[PDB]
Amino acid sequence: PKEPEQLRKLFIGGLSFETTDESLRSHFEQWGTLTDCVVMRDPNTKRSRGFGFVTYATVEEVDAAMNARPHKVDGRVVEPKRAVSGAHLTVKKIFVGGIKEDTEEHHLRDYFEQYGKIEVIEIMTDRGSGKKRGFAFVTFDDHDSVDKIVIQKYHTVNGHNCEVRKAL
Ligand SMILES: CC(C)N1CCN(C(=O)c2cccs2)CC1
Ligand SMILES: CC(C)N1CCN(C(=O)c2cccs2)CC1
């Protein structure tokens, strides 16, 4: 059973205009089997549009590629991002709801630290009473953590089924 193709794709921005399907593939095949690899080009001039995409055989291979950033492809540092879940909302912060009053910082840290490096955990409290409001924000050092988090169907933290969204 293969993972949905959308979850196996990486949009690669910032390409050198000299990058080709072949050189993009030769680069990204270091981290997994590529089922597709395309440089976007103008339909008339064939000049590169400066971005492209690669599709790996598995999600674990996407993770491997993202963990190997920064990627310097044909002399230029590129910007890989997972496919949208059609514009990417590139953020480093999530809202975590449904955590009730008994969820503490270590619950959120022990879970979310496996998605990425955490910089801030903010457990929301009531401005008047100080009581926990049942939601939190987690800020990571990089957007890929958030991208991995929000495409999961479920998040279980401190026994609670949590609702997690990108936060601006
Ligand atoms: C066959 C399947 C159950 N394998 C279990 C391990 N595995 C992962 O842990 C993944 C990590 C990131 C996304 S997939 C997918 C491969
Ligand atoms: C066709 C082209 C102009 N689109 C603009 C760039 N784009 C994104 O913002 C991304 C999607 C997923 C990760 S990046 C999608 C492609």
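Counting begins at 1 with the first residue displayed.
Structure determined by X-ray crystallography, 1.4 Å.
Including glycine, each Cβ sits where the backbone N, Cα and C put it.
Taken straight from Swiss-Prot:
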| type | residues | note |
| --- | --- | --- |
| CROSSLNK | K2 | SUMO2 cross-link |
| MOD_RES | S16 | phosphoserine |
| CROSSLNK | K72 | SUMO2 cross-link |
| CROSSLNK | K100 | SUMO cross-link |
| CROSSLNK | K166 | SUMO2 cross-link |
What is the number of other Cβ atoms found within 10 Å of the Cβ of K2 (SUMO2 cross-link)?
10
Unmodelled stretch of 7 residues from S85 to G86; how many angstrom between the C-alpha atoms?
8
In the structure shown, with every protein chain counted, which of the recorded sites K72, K100, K166 has the densest set of Cβ atoms within 10 angstroms of its Cβ?
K166
If you compare CA-to-CA distances from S16 (phosphoserine) to each of the recorded sites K2, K72, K100, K166, which comes out shortest?
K72
Using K2 (SUMO2 cross-link) as the reference point, find which of the recorded sites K72, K100, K166 has the shortest Cα-to-Cα distance to it.
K166
Rounded inter-Cα distance in Å - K72 (SUMO2 cross-link), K166 (SUMO2 cross-link):
28
Tell me the Cβ neighbour count for the residue listed as 'phosphoserine', meaning other Cβ atoms within 10 Å of its Cβ, over all protein chains shown.
18
Nearest-integer angstrom distance between the alpha carbons (Cα) of the residue listed as 'SUMO cross-link' and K166 (SUMO2 cross-link):
19
